[PDB]
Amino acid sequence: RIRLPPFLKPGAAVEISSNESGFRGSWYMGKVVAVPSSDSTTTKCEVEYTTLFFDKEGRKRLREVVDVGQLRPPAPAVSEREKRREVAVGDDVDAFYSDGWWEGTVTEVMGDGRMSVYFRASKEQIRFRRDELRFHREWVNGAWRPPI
């Protein structure tokens, strides 16, 4: 019944977004455990998180049934110009924080490759090293913006 995006198959690595307010602007890494088959009673996918667990002692990685629209492929590998790109004020970035990626905007660049990032939904202003940031991309119409 539903035509899944081609990247979505059992075993596929994905980034997972949540509908919950406390996760606004985040992408958590995970993998697909199950998808609707052409033979199916659901329209949903089950995913397993890579860095979130059911329990704080860490015995079982968290699994969730999610909407297809909550998933996208892993962000594109950082290119060669993108390693040459300086991060600048105004840039849309994701910051690695609490073991997932959170979208924000660079508001200040300091020396020694450090920056301050504003997060609109949480009204937070947080400093990061360059190696904690990635340039933000969007998965739209089956392709990345900006493209690969």
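For every residue, the number given is its place in the sequence shown, counted from 1.
When the C-alpha B-factors of 32 to 40 and 101 to 109 are averaged, 32 to 40 comes out higher. Taking the PDB entry as given, 48 to 56 carries the higher mean Cα B factor of the two stretches 114 to 122 and 48 to 56. Listed residues 132, 138, 20, 15 were ranked by CA B-factor as deposited; 20 comes out on top. When all modelled residues of the chain are sorted by CA temperature factor, residue 80 is found within the highest third. Among the modelled residues of its chain, residue 94 has a C-alpha B-factor that falls in the lowest third, as given in the PDB entry.
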